[PDB]
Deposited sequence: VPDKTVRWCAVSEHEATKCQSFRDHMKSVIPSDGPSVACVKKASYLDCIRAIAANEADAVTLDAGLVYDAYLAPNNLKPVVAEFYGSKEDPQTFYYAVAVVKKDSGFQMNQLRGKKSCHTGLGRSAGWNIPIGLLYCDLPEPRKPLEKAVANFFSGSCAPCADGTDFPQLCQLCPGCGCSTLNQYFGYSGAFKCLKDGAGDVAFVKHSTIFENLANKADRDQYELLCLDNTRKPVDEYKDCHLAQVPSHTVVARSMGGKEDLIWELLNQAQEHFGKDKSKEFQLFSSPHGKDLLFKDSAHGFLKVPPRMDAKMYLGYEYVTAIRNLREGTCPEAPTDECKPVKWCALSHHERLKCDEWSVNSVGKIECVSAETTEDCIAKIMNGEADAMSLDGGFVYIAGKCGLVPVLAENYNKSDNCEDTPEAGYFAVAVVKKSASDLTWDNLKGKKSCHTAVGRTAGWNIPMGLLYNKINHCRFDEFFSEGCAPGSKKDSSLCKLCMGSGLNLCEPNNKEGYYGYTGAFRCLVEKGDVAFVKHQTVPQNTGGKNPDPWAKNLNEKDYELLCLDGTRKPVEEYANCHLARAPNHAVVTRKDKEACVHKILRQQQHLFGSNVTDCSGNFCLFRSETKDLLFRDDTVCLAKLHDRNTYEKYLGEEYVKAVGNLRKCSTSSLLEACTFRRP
């Protein structure tokens, strides 16, 4: 059977599910998914039932998405409720800290200020801000209300115990837990800031726009960013305390059945969703509110498969709730992320010489390591600019750049004997790329190509090629040399992968190789001893100019495709200042004074350079680079980038 066992937490919910089950039987053919209805006492009990393989799916608020993820449950987000509109689905809200313009303080100066909360126990108004501020609170932090009352000088915290902690109700005497209190709820907390009672209101990003219709009034307000800067109120996506998903269907991380859950729910919304007007309605029910799904929901979005719960909830949210759950409070060592056994070994002996200031964690791919930097399992790694773009879109920032000598040169290599080849038309030729998504092998050359053909189907433009990372059936995998499952892989087990791998591809099979200005000189004239390169001379290879002319290999200064952004080390914003300092000290000791090749850092690198204002992927890579990659992701297959685009489109 293809049965999805839905888990209900009430008798009203069990009745709706049973109607859900019966109406779907009349719309789904017998080969399709069917509903079973399991009834438990609580959301916690449904989470355990799903982990125990007694049910398959339940819909949770963000806090319970966190609980469902913790061992031994290990549930995973799989389907999202969206709200608003099909054109602009709203899946998340943003908990923000609004302040009045020019009040003169930052997020790390909240102690002693006057605070306005929507209500004790609520997400944006209490659990997230107090979760983030937890270790800032005075000891003993238990009971929490007493610690908060001795952190803010006065507050309006609706539903707090004002009898025992009267500071919490200075701005709303009694801490009235209903609309009879003018500072209660989401507008109440913002009104507590507007009327001048408090200095800061902890609310949702939309409260400001629903209580202040005209932008002129809104310009008198700002938001507190976690980097201790302020931003305007409509920049909440770059300046919030946490991004919170409203209502998430969860499932077992292994054993699913994600596939079945989505095709059940997606069919259900197409026949019984909003505006479908049948006798059964998925997002309503005659008896009781919000049964199985929120009554305000407008449909379902499939959660991208790369995403786990920590990535879905976000780093900020997870920190806040873990602080409240665990209550644990201490620059600490920088945990580098390695991609190989050989790369891990280099880090290991680096860690032991750094006397603890460096630690090592491992992952199988670059994307896995990036996800570990995002969620805190890892801290830093050095990335090609193409991965810096991905790391940036996923919330990470560049901190230092590898300097090889303004960065390296992306050039197009051809064989000198091929007199006909020109940059103006290489259509129908055989291409060799370092990998899809990398700076010199893909983003620079194919970005320029996109401008003169205006599409991303480069396997239909070149006859064939080796572009490691392309889909195994593609014209651009046919020239690759990996065997078995390694054919066309963007790793070492594919011999045409990388700067020199793409040059070898040109030497043996291809017509053009997109690499960097030093690749040909380092792999010719006997410098590379491998049989494929040993007997090559660099005078038999030329560079393709943008002109349409050609020049010798070491004339790259005036025959390049573009200047490339250097590889850079990326990190979280909260670890930027510290990663900057530890790495500056460690290269003073182990710098200019790899067992295999280019492990952790490229071997051309001389120093790790500071970046000044170019501390953002948009400012580090440049407007031209980012616009070109935006053009190319119309054909990108990056699962990590898909997960990060789902949270920040």
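Novice: Let me make sure I understand the coverage. Which parts of the deposited sequence, in order from the N-terminal end, have no C-alpha coordinates here?
Specialist: Seq positions lacking coordinates: 1-2, 333-338, 414-423, 612-623.
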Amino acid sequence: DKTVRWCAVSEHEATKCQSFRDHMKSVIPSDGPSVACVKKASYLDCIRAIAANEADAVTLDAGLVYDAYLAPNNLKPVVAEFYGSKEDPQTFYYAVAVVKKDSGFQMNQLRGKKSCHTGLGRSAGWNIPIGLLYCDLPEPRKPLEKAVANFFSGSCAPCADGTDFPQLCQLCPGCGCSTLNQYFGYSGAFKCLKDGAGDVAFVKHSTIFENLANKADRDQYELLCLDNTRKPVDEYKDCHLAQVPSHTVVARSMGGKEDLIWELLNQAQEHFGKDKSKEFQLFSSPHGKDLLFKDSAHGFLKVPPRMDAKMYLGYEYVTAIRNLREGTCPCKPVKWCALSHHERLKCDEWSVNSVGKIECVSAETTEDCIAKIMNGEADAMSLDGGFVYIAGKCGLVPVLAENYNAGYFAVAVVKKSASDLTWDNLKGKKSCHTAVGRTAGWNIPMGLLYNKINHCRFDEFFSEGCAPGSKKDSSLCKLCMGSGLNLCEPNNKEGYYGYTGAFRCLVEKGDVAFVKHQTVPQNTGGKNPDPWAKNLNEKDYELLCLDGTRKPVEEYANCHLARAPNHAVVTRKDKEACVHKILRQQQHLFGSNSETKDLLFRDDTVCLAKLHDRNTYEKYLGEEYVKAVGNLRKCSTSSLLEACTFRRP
From here on, numbers count along this sequence of modelled residues.
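Superpose the two forms; the largest set of C-alphas matching within 1.5 Å is the rigid core.
Novice: Between 569-577 and 486-494, which has the larger RMS C-alpha deviation from this form in 8 other deposited structures of this protein after core superposition?
Specialist: Between the two stretches, 486-494 moves farther in 8 other deposited structures of this protein.
Novice: Please tell me which region, 532-540 or 350-358, has C-alphas lying farther from the displayed form on average in 8 other deposited structures of this protein, with superposition done on the core.
Specialist: It is 532-540 that deviates more in 8 other deposited structures of this protein.
Novice: On average, are the C-alpha B-factors higher in 576-584 or in 51-59?
Specialist: On average, C-alpha B-factors are higher across 576-584.
Novice: Check the entry's C-alpha temperature factors for 104-112 and 492-500, then say which stretch has the higher mean.
Specialist: Comparing 104-112 with 492-500, the higher mean C-alpha B-factor belongs to 492-500.
Novice: Compare the CA B factors listed in the entry for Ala380, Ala440, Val318, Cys347 and report the winner.
Specialist: If I rank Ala380, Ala440, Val318, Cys347 by C-alpha B-factor, first place goes to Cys347.
Novice: Checking the record values for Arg218, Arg322, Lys416, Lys257, which has the greatest CA B factor?
Specialist: That would be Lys416.
Novice: Classify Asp511 as lowest, middle or highest third according to the C-alpha B-factor given in the PDB entry, relative to its own chain.
Specialist: It falls in the middle third of the chain.
Novice: Within this chain's modelled residues, let me know which third the CA B factor of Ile261 belongs to: lowest, middle or highest.
Specialist: Answer is middle: the recorded C-alpha B-factor places it there.
Novice: Please say which third, lowest, middle or highest, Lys16 falls into when its CA temperature factor is compared across its chain.
Specialist: Lowest third of the chain for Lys16's C-alpha B-factor.
Novice: Going by the entry, which third of its chain does the Cα temperature factor of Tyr541 land in?
Specialist: Its C-alpha B-factor belongs to the highest third of this chain's values.
Novice: State the tercile, meaning the lowest, middle or highest third, of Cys635 with respect to the CA B-factors recorded for its chain.
Specialist: According to the entry, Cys635 has a C-alpha B-factor in the chain's highest third.
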